[PDB]
Amino acid sequence: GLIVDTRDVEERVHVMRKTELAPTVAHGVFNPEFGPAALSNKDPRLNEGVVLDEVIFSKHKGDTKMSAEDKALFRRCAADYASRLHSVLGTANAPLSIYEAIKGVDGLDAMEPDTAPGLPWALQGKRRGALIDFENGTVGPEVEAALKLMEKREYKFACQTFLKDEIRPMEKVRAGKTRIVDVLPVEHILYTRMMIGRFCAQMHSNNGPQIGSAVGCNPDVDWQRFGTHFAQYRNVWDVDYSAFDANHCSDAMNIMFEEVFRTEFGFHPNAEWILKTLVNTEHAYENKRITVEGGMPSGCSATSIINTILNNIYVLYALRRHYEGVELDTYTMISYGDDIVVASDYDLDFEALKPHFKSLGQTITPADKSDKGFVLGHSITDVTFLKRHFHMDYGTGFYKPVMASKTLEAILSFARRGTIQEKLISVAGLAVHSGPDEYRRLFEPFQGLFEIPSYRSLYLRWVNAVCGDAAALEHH
RNA sequence: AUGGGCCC
RNA sequence: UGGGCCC
Ligand SMILES: [Mn+2]
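The deposited coordinates derive from X-ray crystallography, with the record listing a resolution of 2.80 Å.

As structure tokens, then:
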């Protein structure tokens, strides 16, 4: 995005310099090159002379202004993708009711009861429970006012900033590159679900390479489905973006909402409007109130869906801008926000696409750092998606999501107080695909202290989930 | 100490 | 109601 104005308001909001992620017994054993993100401005382990909040908003390099030819090209790509998208999902995207928006629908889960309320509720100190009732499906008078304001399109708001308490690489922790969370108001999140919840739910259930979205997927079971698809193609690319969410230019965002969420496809008139308010935002960090143009605020409703849609359109846009006579069936892809895997039988040159992505404001680079110039001939077994490799299981002969051991060590090395036991059960479901020897080694430090599930138990669970009949066939 | 997904 | 992982 582009920072247009900065000013210090008289009021001030509390941040989060507590870092709840404490080390575990594993940390001393594995000695990982990872640690909690630097939340304090005077954090001792930061590099010399690094002002934290200075680095925080360094992602906002600018709002890439597109030309009329480029905007016209982008509009056609948005329309063509939208055509494909709604032909699979259908045209049933009617306005969702207040009950359905809160309680969810078949595909879309309910809203989080105990979570950050946003502005101007966090200042006065009113949580979601005060405004919206739990397990009820109704809204208070403060929210009701916002709904009617959003109908007339008079509603305005400001995004609340929060430092993301998470584990990051020590190089980025020392650099002071802590990621930020853009918390929108609860009424915005609610109304967004009313406008496009029917659409979002439908995408989750129909996730796959056809619509080009992995939002709604379960890696354990769906890795087989995706693996077999991408293995069929000759060339596969593990593309990585640089600040994908921040670098969404206004022209790209505005045109995408105008083509995808039209009244022709069943959406409400305000479905376009509510999404367009994400373009120009006002972010509140402590005392500084920063007005920003362009970029997606990470924390609005359907952020992963909007990013996924934009990601799909960018690939279509970039190819058509370089090559001639390119269509949707020319290539295949699936994405989850910024994360993407592209494939095609044609020998496409992604190195030549670099500047065509730069017109959108995006900077694509290869995930595989070796050479670092977008080579050809790669397969699904080389690439990564959702921090998971695609490896063939030696027993069942299906693809399984295998995370890197160094990543798994970093996860196990840190935890909140009291959550260690429950975390060890959850992470074991991820670690099972690494293999019996690697599974044992990852949970070796925790032996004789916490409950560690067996390899046999979690493997047999996965075999039932990935198919179910595969387990039954082995008996006969 | 968000948005959504998935597993508990 | 709470925990984890991914984006
Ligand atoms: Mn990737």
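### Let's talk about the packing of aromatic side chains
Counted according to the given criterion, the structure contains 21 aromatic pairs. Judged by centre distance (5.4 Å) and plane angle (75°), the ring pair of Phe 199 and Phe 261 falls under edge-to-face. Here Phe 261 lies in the loop between helix 11 (250–260) and helix 12 (269–276) and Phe 199 lies in helix 9 (residues 186–205), a separation of 62 residues in the sequence. The interplanar angle of 40° and the centroid separation of 5.8 Å between the aromatic rings of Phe 350 and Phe 374 together place this pair among those described as tilted. Note that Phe 350 is positioned in helix 14 (residues 350–358) and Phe 374 in the loop between strand 13 (365–366) and strand 14 (384–385), a separation of 24 residues in sequence. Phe 374 shares its class with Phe 350; the two are buried.

### Details of the protein's contact with RNA strand B
Taken together, 30 residues sit near RNA strand B, with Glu 20, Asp 109, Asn 218, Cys 300 and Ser 304 positioned nearest. Here, RNA strand B places atoms within 4 Å of the protein, and 77% of those atoms are sugar or phosphate. Within the backbone of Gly 216, one N or O atom sits 3.3 Å away from a sugar or linking oxygen of RNA strand B. Of all the elements in the fold, those that place two or more residues in the surface near RNA strand B are strand 6 (180–183), helix 9 and helix 13 (303–322).

### Some details on the sheet that holds strand 12 (residues 339–344)
Picture the strands of a sheet paired through backbone hydrogen bonds; they go either parallel or antiparallel. Here we have 3 strands laid out as an open sheet, ordered 7-12-11, and antiparallel in their pairing. Each edge of the open sheet carries a strand with a single partner, namely strand 7 (235–237) and strand 11 (332–336). Along the sheet, successive strands turn relative to each other by an average axial angle of 10°, direction set aside. Relative to strand 12, strand 11 runs antiparallel, the two sharing 5 bridges. Directly across from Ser 335, in strand 12, lies its bridge partner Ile 340.

### A look at the protein's contact with RNA strand C
Around RNA strand C lies a shell of 19 residues, among which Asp 114, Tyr 336, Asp 338, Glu 422 and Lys 423 are the nearest. By atom count, sugar and phosphate contribute 89% of the portion of RNA strand C lying within 4 Å of the protein. For RNA strand C, a sugar or linking oxygen lies 2.7 Å from a polar atom in the backbone of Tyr 336. With respect to RNA strand C, the side chain of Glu 422 contributes an N or O atom lying 2.8 Å from a base nitrogen. By residue number, the principal contributor to the surface near RNA strand C is helix 16 (residues 420–431), which donates 5 residues. Along the lines of polarity and charge, the residues of the surface near RNA strand C split into 7 nonpolar, 4 polar and 8 charged.

### Some remarks on the nonpolar core
In terms of nonpolar packing, the biggest core is built from 82 residues, with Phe 74, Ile 196, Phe 199, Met 256 and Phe 261 touching the most fellow members. The biggest single contributor to this core is helix 13, with 11 residues. Structurally, this core is a two-domain feature, drawing no fewer than three residues from each of domain 1 (1–207 + 249–302) and domain 2 (208–248 + 303–403). Each residue touching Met 256, except ones within four places of it in the same chain, is listed here: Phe 74, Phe 261, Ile 306, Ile 309, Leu 310 and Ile 313. Listed in part, the 21 residues of the second largest apolar core include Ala 26, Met 403, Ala 428 and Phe 443.

### A word on the pattern of salt bridges
The tally for this structure, following the rule as stated, stands at 28 salt bridges. With a shortest N-O distance of 2.8 Å, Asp 53 and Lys 288 are connected by a salt bridge. Taken together, the residues span a long stretch of sequence, with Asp 53 in helix 2 (residues 52–56) and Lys 288 in strand 10 (residues 288–293) at a distance of 235 residues. On the accessibility criterion, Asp 53 (18% relative accessible area) is buried. Among the salt bridges present, the one from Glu 166 reaches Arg 179, with a minimum N-O distance of 2.8 Å. Separated by 13 residues along the polypeptide, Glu 166 in the loop between strand 4 (159–163) and strand 5 (167–169) and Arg 179 in the loop between helix 8 (170–175) and strand 6 bring together distant segments of the chain. One salt-bridge network, in which partners are shared between bridges, spans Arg 75, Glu 258, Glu 259, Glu 272 and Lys 276.

### What to know about the domain arrangement of chain A
For an interface, size is often stated in terms of accessible area lost upon the parts coming together. Per the domain assignment, the segments of chain A are domain 1 (1–207 + 249–302), domain 2 (208–248 + 303–403) and domain 3 (404–476). Centre-to-centre separation of domain 2 and domain 3, based on C-alpha positions: 28 Å. Between domain 2 and domain 3, the residue contacts involve 13 residues of the former and 15 residues of the latter. Summed over both sides, the interface between domain 2 and domain 3 buries roughly 1,200 Å², with carbon and sulfur atoms accounting for 64% of that surface.

About the criteria used
- Residues numbered from 1 in each chain as written, not as in the entry; some residues may be left out.
- Chains lettered and ligands numbered in written order.
- Heavy atoms only, no water.
- Residues with missing side-chain atoms left out of burial classes, pairs and counts.
- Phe/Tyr/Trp six-rings, centres within 6.5 Å; stacked < 30°, edge-to-face > 60°.
- Helix = DSSP H or I, 4+ residues; strand = E, 2+ residues; numbered from the N terminus.
- Buried < 20%, exposed > 50% of the residue type's maximum accessible area, 1.4 Å probe, protein only.
- Near = heavy atom within 4 Å.
- Polar contact = N/O pair within 3.5 Å; in protein donor to acceptor, adjacent residues only side chain to side chain.
- Pairing = 2+ DSSP bridges.
- Axes fitted to C-alpha atoms, helices over the stretch in contact; angles between N-to-C directions.
- Nonpolar A, V, L, I, M, F, W, Y, C, P; charged D, E, K, R; others polar.
- Core = buried A, V, L, I, M, F, W, Y, C linked by side-chain atoms within 4.5 Å.
- Domains from an automatic or database assignment.
- Contact = heavy atoms within 4.5 Å.
- Salt bridge = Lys/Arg side-chain N within 4 Å of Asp/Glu carboxyl O.
- Buried area = accessible area lost by both parts, 1.4 Å probe.

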